[PDB]
Amino acid sequence: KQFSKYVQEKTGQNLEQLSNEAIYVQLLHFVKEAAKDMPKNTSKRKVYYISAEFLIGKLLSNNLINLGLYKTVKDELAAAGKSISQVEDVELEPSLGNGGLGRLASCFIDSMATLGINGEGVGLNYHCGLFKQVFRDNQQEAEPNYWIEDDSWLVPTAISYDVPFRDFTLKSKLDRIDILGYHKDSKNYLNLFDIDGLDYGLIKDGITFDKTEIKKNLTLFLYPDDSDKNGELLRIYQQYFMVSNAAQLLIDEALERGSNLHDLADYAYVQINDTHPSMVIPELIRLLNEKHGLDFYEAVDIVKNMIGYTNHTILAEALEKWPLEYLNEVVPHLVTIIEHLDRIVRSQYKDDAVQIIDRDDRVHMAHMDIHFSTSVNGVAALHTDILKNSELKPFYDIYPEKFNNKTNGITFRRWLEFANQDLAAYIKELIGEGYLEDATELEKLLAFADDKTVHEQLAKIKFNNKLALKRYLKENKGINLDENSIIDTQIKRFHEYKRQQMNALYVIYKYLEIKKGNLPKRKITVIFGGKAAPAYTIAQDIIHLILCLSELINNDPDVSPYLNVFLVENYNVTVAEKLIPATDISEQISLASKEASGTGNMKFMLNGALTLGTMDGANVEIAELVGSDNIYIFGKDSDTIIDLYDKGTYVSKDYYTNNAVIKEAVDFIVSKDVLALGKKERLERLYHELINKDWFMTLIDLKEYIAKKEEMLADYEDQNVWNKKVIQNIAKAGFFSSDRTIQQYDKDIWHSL
């Protein structure tokens, strides 16, 4: 009863008589006090992980888990008549990330701490995230995503750096977050840089704000609006700010540890999460050459031997580019250096395709990263091979030695030990506690593949997790979930090629089948989650549809008993932690050539969910690890899509007219029922888009998708066969541990340990 005695100390009261809010605060302090006295990791070569996003999630629970204190606390609260979940709901989720890029960063830094690697992340302390998602009149609106309280996980420091821009120099401030390792005595920091004199008053209506007020807006928003020059410039301010703080920091930290700057490579290595921190290269060079009096060409040799680049993009065309003119507007002094690097490269390599600056004066930040780094890694085996063989071949041809693969991973603490405690205990029950050190020892679960006693338990755990979710959704999302239903979940950002609209077309089908009187064996609950870019009109039309549908569906006594549709508001980490452990069907149905990886896929696999999806991305490795029978793959090959794009012979109108399933679903979008619920403009627009354009081929796989889903649903009805495949999935999920992924980064690239 360590925490109970603590509250008595600091409060003079018992748990029984405190509020959930006051208890959270007390836990906050309890934990920050435990972490404060923990030493750092001491590996001589420190790794620096720079990322423009860290989708880190709530920290209370994970911190407790990593301290080993989570169960005793959960017990003491219940014995006081208090639900931990309600205490957890007090914390606001850090708005420091958006998509898979950020989450990957979080999972990676987590594994760093758990493996005792002296490796810290560096990013920005965004006071509002991408944006807070709010539904009004069946449409997505945006609002600031504030999160920072006075009492938070942010540990203030006294460190400040000057960041020089053309029109001014900015003073930075640094707040750190303790990144704890699983049952470890030493900790890491997450370094988040920021400025004072931030003005929230700029924000006016929605997320609108004056993009030119740099001193007041710098760290307000992640990925601020980009539709105009001024917006673009702000992105540059951001990127350089993050980068300059990072480099200044690592140099200081190197020096403290007795480094002369000639041997910096022995003290520091840098991994840049995509193209956002590319400007760290010429920045480091600047610091060494001008601030520390090192010969320019020596500075270059030193920096290019301690830089690591990670490319998440597939196509080289999509890589980040900057007009020289814009850069001179913001970081002209750096530009000079970047032009020097262009000279070095352009003199040595005759291939015009590898040049940093191109004919139109655009600066290819990726091209810079490749020339002056020791490693360029891909995220997945096929993805890396695409880079080496086509997209980045010009660079492969001269830098064969740099290109390697590093399959993405997820942290098993957050996505198993916490997300699904029930399941976590059961695993240990069956195959022991070894899988904590080695996630591949989940293959011991195979021996129980045919055991009926287990199939019964997994279904029970599944059912309990649905109850855990039902509590949550009711409590925080105003949603009434039916626990006695098949739960089908698609949680991704809204883009045409993610094809949420395909899943919505299936809903319209299933709705029409029920109205015909052809009823499901079991009730189905389709749940969506994710944001759309405010400027992306079609994506917002799609979101609008699905909201019209869930209103139509869930308010029809004839259909309600058989079909529920939900779009959970403001999808994020803590919502995923609830949805995923309660999910039967994992929707991973993006177009065939558009996904490189997909950690979401990897989470569902771990939480006992069967996957329904295309042969692409993480699906590929999954389908390999399990059997073809233990997954429901559909749609066209990657090759077939690419080629069809190449021939330009796809006409979505033909699929519409020729296939009744489709013809009927699409026509329903503008039917009388739906028009009444929603806006004519949106629904009519989306409706003509699918017929006349449909650039990401929603209609191509629809007919087979619907079919494959119905098959999968019917296979649910046998719970011995179903959970046999579930055991197949979970027994092979050990492959996607982020601890394995980091061990590989460290072994091949960083050499920190």
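Between 530, 674, 630, the Cα set farthest toward the positive side of the dipole of the stretch 410-737 (charges on each charged residue's Cβ, about the Cα centre) is that of 674.
Sequentially through the stretch 93-103, phi angles give Karplus couplings (6.51, -1.76, 1.60; θ = phi - 60°) of 5, x, 7, 9, x, 9, x, x, 4, x, 5 Hz, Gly and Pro residues having no value and appearing as x.
Highest mean first, what order results for 216-222, 638-644 on Cβ atoms within 10 Å?
Ranking the peptides 216-222, 638-644 by packing returns 216-222, 638-644.
Placing unit charges on the Cβ atoms of the charged side chains and taking the dipole of the stretch 36-114 about its Cα centre, the candidate lying farthest along the positive direction among 104, 60, 81 is 104.
Here the spin labels are modelled as points 7 Å beyond Cα on the Cα-Cβ line, and at residue 693 and residue 558 they lie 3.5 nm apart.
Only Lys, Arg, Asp and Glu count, each charged at its Cβ (+1, +1, -1, -1), so figure out the dipole size of the chain about its Cα centre, rounded to 20 debye. Please list the in-between numbers first.
On the way: 86 positive and 114 negative charges, 221 e Å.
For the chain, the charge dipole is close to 1060 debye.
Rounded to the nearest 20 debye, the dipole magnitude of the stretch 410-737 is 960 debye, with +1 charges on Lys and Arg beta carbons, -1 on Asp and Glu beta carbons, and the Cα centre as origin. Here the relative contact order of the chain, from alpha carbon pairs under 8 Å that lie six or more residues apart, stands at 13 percent. For the stretch 504-645, the calculated P(r), taken from all Cα-Cα distances in 5 Å bins from zero up to the bin holding the longest distance, is 2, 9, 16, 17, 20, 19, 12, 5, 1, 0 percent.
Have a look at 453, 390, 169 and report the one farthest towards the positive end of the charge dipole of the chain, computed about the Cα centre with Cβ charges (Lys/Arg +1, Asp/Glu -1). Toward the positive end, the furthest listed residue is 453.
Points 7 angstrom from Cα along the Cβ direction at residue 628 and residue 428: gap in nanometres? Simple spin-label model gives 4.0 nm for this pair.
How much of the DSSP bridge set in the chain is antiparallel, in percent, rounded to the nearest 5? Counting only bridges with both partners in the chain, antiparallel ones make up about 30 percent. Between residue 460 and residue 21, residue separation times 0.36 nm minus the direct Cα-Cα distance comes to 154.8 nm. Using a 7 Å offset from Cα along Cα-Cβ at residue 199, what residues in the stretch 112-134 end up with backbone N under 18 Å from the label point? Under 18 Å, as judged by backbone N against the label point of residue 199, lie 127-128 of the stretch 112-134.
With a cut-off of 8 Å between alpha carbons and a minimum separation of six or more residues, what is the relative contact order of the stretch 410-737 in percent?
Across the stretch 410-737, relative contact order equals 25 percent.
Mind ranking 658-668, 291-301 by how tightly packed they are, going by the mean number of other C-beta atoms within 10 angstrom, highest first? Please list the in-between numbers first.
Working: 658-668: 16.9, 291-301: 15.1.
The densest-packed peptide leads the list: 658-668, 291-301.
Subtracting the Cα-Cα distance of residue 72 and residue 155 from their residue separation scaled by 0.36 nm leaves 27.3 nm.
Based on Cβ point charges of +1 for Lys and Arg and -1 for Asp and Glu, what charge dipole magnitude is obtained for the stretch 1-109 about its Cα centre, in debye rounded to the nearest 20? All intermediate terms of the calculation are to be shown ahead of the outcome.
Values: 14 positive and 12 negative charges, 137 e Å.
It works out to roughly 660 debye.
Over the chain, the fraction of Cα-Cα pairs per 20 Å bin, rounded to whole percents and listed from the shortest bin up, is 16, 50, 31, 3, 0.
In terms of packing, defined here as the mean over residues of other Cβ atoms within 10 angstrom, the peptides 18-25, 245-252, 278-285, 333-340 line up highest first as 278-285, 245-252, 333-340, 18-25.
Heads up, the Cβs are rebuilt from the backbone with ideal geometry, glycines too, and the neighbour counts pull from every protein chain shown. Bear in mind these aren't lab numbers, they're just calculated from the coordinates by the rules spelled out.
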